[PDB]
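# can you look at this? It's an experimental structure, sequence on top.
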Amino acid sequence: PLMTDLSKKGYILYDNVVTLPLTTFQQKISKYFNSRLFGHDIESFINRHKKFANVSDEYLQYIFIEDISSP
Amino acid sequence: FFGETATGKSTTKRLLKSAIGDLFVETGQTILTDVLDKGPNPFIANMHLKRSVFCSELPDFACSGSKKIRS
Amino acid sequence: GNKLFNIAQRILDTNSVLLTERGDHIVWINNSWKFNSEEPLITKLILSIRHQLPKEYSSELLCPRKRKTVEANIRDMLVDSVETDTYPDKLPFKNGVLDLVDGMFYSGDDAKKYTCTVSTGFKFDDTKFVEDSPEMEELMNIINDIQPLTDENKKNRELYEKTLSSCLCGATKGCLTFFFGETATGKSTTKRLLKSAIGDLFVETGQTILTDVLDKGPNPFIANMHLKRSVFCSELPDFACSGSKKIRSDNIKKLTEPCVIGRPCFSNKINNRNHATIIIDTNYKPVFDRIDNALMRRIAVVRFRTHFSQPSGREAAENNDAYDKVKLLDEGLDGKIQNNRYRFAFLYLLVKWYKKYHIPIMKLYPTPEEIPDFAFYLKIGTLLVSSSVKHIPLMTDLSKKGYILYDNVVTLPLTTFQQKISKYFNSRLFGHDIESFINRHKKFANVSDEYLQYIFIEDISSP
DNA sequence: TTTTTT
Ligand SMILES: Nc1ncnc2c1ncn2[C@@H]1O[C@H](COP(=O)(O)OP(=O)(O)OP(=O)(O)O)[C@@H](O)[C@H]1O
Ligand SMILES: [Mg+2]
């Protein structure tokens, strides 16, 4: 039911699961975390944690707490 | 058994194990996704005359790089 | 009244057989404690002690089966265990114990109160344990040839005669010694002399105890040094060549602790007592995996600078920088050493040296200056000082030098650190050290912000 | 893998 808020931020629900654009995860990670010191951790997280429903869409099944805050 | 979080699924484990005792046994995800005929496997020796075996806390296998179950 | 039971009781009342913490049985035979896990020493004691028993008991011990019965009784009556090897300043022999404090020699019951489970393996002789003897005059010549009595070599000679005298003590030593020198300098002659001096208390092992893991499976090379007082490792390879393994930095830390974990074959005992001085003779200086402060306080080095050469190759030897003097070689010395000619004179000299350095207290100290690998880590502590709260008021001067305040702490960004550090160390020879150092102490305030928590001492003095 | 261990 919270997608009513997520759609206000432009977030999307594809294949009946909530997903965010990838570029959004890397900009949030860069804006809150230092790339130089945790690049290996971020890369391992993304590589071992990526999910896809078809040959074109790749997605993660998680939502930032900051996204729940009202815009 | 399929369900969501906080759904008494782990409670039924306790109700069954209290009802059975030592015969009831737990297992993890280490053995179901790995070949049991290769290398030592204490579980292969352990299930000897066990009455029931329960497997839970399975990580989602849809993630890329997560090694799916071996049928 | 069972006769054999009475014999067992009388034997037990003499305190001639004891049970140890490790489960062994120690027997007092021929003025020495002996033990062995494969031979029946108890029956030997029973047969030997028969002369002290009354005449109606002695004839009963001639039958082996009755000796086995008495052995079974004695095993049944031993229910409590005792400690062994608690006196560090006693030197046990095959027929007595020598006191290193006063110099007296004890035999019989006087030596029994010191429960020593090891010995040199040969009998003590007071006739040859004297100062005035032709062998002593000969031996002093070799000792002076190896270590000259000159002013530049004084400190090294004192360290040399401290490490050797440290081998008579049965305590734990906190440092390892390296005998460094070029070929044909007498490094092995002192090893042979010390072996002939101390007998069974000497042991030589392989190089795996400095390179491999000591606690994977059976390892007799580490379990054969239990209760020994001198351990030698010989001829480690040169690490410049490819494929050579380096010395485990954490292995030498375990060799300093009083207890060492190791297991023999077909054994369950995993604890070994550390009483040994560890000496490695080398032709190349050692290389370690990691350098830290805990490593630098456990290494000592002794130099050898005298060359013994045949007359054919003398001319080259005088043109080598690695030598300070050249002397003619003696081709008959090794046979004399192998014949134990200089045994008791070297023992007397070792006792004389022991009275000079270790009577108040016994301790060994490291010499970190000798190793060239440490020279970087030693120098940094004298050039960089850690940031402190007291340095805040002085930053008015530090602003002109390029220092920046971050989180109310004096900080210096990476970009300006390199040219400051290049004023002391050359890039080519110390590139790997400063790279490793910078990566192991870099801190970032943000994605593009860099800073280090050190300040130079030369920067707190006004130029 | 094999000495290890039995
Ligand atoms: N004082 C001495 N006078 C004459 N010859 C001596 C003296 N001391 C030792 N030598 C002789 O020097 C020779 C070489 O010494 P030694 O083998 O101990 O040298 P080293 O430096 O330990 O050698 P390496 O490490 O290569 O085995 C020996 O044959 C020995 O007899
Ligand atoms: Mg030698």
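Yep, that arrived. Residues are numbered from 1 along each chain as shown, chains lettered A, B, ... in the order given. Ligands and ions are numbered 1, 2, ... in the order given.
# rest of the way, CA atoms for contacts and neighbours
Will do.
# hmm, who's touching the longest helix belonging to chain A?
Using DSSP state H, we find that the single longest helix of chain A is helix A:35-49. Defining contact as Cα atoms under 8 Å, 6 or more residues apart in numbering or on different chains, one finds that helix A:35-49 is touched by A:29, A:60, B:63, B:64, B:65, B:66, C:447.
# if you set the cut-off to 7 Å instead, what comes out?
Outside helix A:35-49, the residues that touch it by Cα atoms under 7 Å, 6 or more residues apart in numbering or on different chains are B:63, B:64, B:65, B:66, C:447.
# show me the two of those residues that sit farthest apart.
Considering Cα to Cα, no two members of the contacts of helix A:35-49 lie farther apart than B:66 and C:447, which are separated by 30.7 Å.
# report the beta-bridge partners for residue A:13.
In this entry, residue A:13 is beta-bridged to residue A:18, by DSSP bridges.
# surely it touches residue A:20?
No: Residue A:13 lies out of contact with residue A:20 (Cα atoms under 7 Å); the separation is 8.2 Å.
# and those two? Which one has more around it.
Neighbour comparison, residue A:13 and residue A:20: the larger count goes to residue A:20, with 19 against 12 (by other Cα atoms under 10 Å in any protein chain shown).
# show me what contacts the more buried one?
For residue A:20, the contacting residues are A:11, A:12, A:59, by Cα under 7 Å, 6+ apart.
# now for the second one, how many residues are close by?
I take that to be residue A:12. Here the neighbour count serves as a burial measure; for residue A:12 (other Cα under 10 Å) it reads 15.
# enumerate the residues of chain A near ligand 2.
For chain A, there are no residues in contact with ligand 2 under the definition Cα under 5 Å from the ion.
# what residues does chain A have near chain C?
With Cα under 7 Å from any Cα of the partner chain as the criterion, chain A comes near chain C at residues A:34, A:35, A:36.
# by neighbours, which of those residues wins?
Neighbour counts for the residues of chain A next to chain C, by other Cα under 10 Å, peak at residue A:35, which reaches 17 neighbours.
# can you classify residue A:63 by secondary structure?
Following DSSP: H, G, I helix; E, B strand; the rest coil, residue A:63 is assigned to coil.
# count the residues that sit near it.
Residue neighbour count, defined by other Cα under 10 Å, stands at 12 for residue A:63.
# got the CA positions of stretch A:25-41 in CSV?
As requested, the backbone C-alpha atoms of stretch A:25-41 are provided in CSV (Å, rounded to 0.1, in the frame of the first residue of the first chain):
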residue,chain,number,x,y,z
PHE,A,25,21.0,3.3,-5.9
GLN,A,26,24.5,4.4,-7.0
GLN,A,27,23.7,8.1,-6.5
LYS,A,28,22.3,7.4,-3.0
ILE,A,29,25.3,5.2,-2.2
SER,A,30,27.8,7.9,-3.4
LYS,A,31,25.9,10.7,-1.6
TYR,A,32,25.8,8.8,1.8
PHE,A,33,28.9,6.5,1.5
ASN,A,34,32.5,7.1,0.3
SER,A,35,33.2,5.2,-3.0
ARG,A,36,36.9,4.8,-2.5
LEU,A,37,36.9,2.9,0.8
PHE,A,38,33.8,0.7,0.2
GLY,A,39,33.8,0.2,-3.5
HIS,A,40,34.6,-3.5,-3.2
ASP,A,41,31.8,-3.9,-0.7
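# enumerate the positions of that stretch that are buried.
For stretch A:25-41, burial by neighbour count (16 or more other Cα atoms under 10 Å in any protein chain shown) applies to A:33, A:35.
# relative to the whole chain's centre, how far out is that stretch?
Chain-centre distance of stretch A:25-41: 13 Å, with Cα atoms, centre = their mean, to the nearest Å.
# swap in stretch A:15-29?
Taking Cα atoms, centre = their mean, one finds stretch A:15-29 lying 3 Å from the centre of the chain it belongs to.
# what's around residue A:51, how many residues?
Neighbour count of residue A:51, defined by other Cα under 10 Å: 20.
# got the contact list for it?
When the contact criterion is Cα under 7 Å, 6+ apart, the partners of residue A:51 are A:58, A:59, A:60, B:62, B:63, B:64.
# give me every residue in chain A lying close to chain B.
Of all the residues in chain A, those lying near chain B are A:47, A:48, A:49, A:50, A:51, going by Cα under 7 Å from any Cα.
# from what I see, the fourth one and residue A:60 are in contact.
Yes: judged on Cα under 7 Å, residue A:50 makes contact with residue A:60 at a distance of 6.0 Å.
# give me the phi and psi for residue A:57.
The main-chain torsion angles of residue A:57 are listed as degrees, to the nearest 10 and equal phi -100, psi 130.
# follow-up on the earlier one: from the residues of chain A next to chain B, list just the buried residues.
Among the residues of chain A next to chain B, those classed as buried by neighbour count (16+ other Cα under 10 Å) are A:49, A:50, A:51.
# ok, so of these, who is nearest ligand 2?
Ranked by distance to ligand 2 (Cα to the ion), those are led by residue A:49 at 60.8 Å.
# relative to ligand 1, how far out is the closest one?
Distance from residue A:49 to ligand 1, counting by Cα to the nearest ligand atom, to the nearest Å: 59 Å.
# hang on, the earlier thing: and of the contacts of residue A:51, the nearest to DNA strand D?
Distance from DNA strand D was checked for each of these by Cα to the nearest atom of the strand. The minimum falls on residue B:64, at 30.9 Å.
# ok, the closest one to ligand 1 distance?
60 Å.
# I'd say that residue and residue A:58 touch.
No: counting by Cα under 7 Å, residue B:64 does not reach residue A:58; the two are 9.6 Å apart.
# need the overlap of contacts for the two.
Common contact partners of residue B:64 and residue A:58 (Cα under 7 Å, 6+ apart): A:50, A:51.
# and stretch A:59-70, how far apart are its ends?
Distances were taken as Cα to Cα, to the nearest Å; on that basis the terminal residues of stretch A:59-70 are 23 Å apart.
# got the buried residues for that stretch?
The neighbour-count check on stretch A:59-70 (16+ other Cα under 10 Å) flags A:59, A:60 as buried.
# check what contacts it and list those residues.
With Cα under 7 Å, 6+ apart as the contact definition, stretch A:59-70 has outside contacts at A:18, A:19, A:20, A:50, A:51, A:52.
# that one: how far from the chain's middle?
Using Cα atoms, centre = their mean, the distance between the centre of stretch A:59-70 and that of its chain works out at 7 Å.
# kindly report the same for stretch A:47-61.
Between the mean C-alpha point of stretch A:47-61 and the mean C-alpha point of its chain there is a distance of 11 Å (Cα atoms, centre = their mean).
# and what of stretch A:40-53?
Averaging C-alpha positions (Cα atoms, centre = their mean) puts stretch A:40-53 11 Å from its chain's average.
# residue in chain A nearest to DNA strand D?
residue A:48 (29.7 Å).
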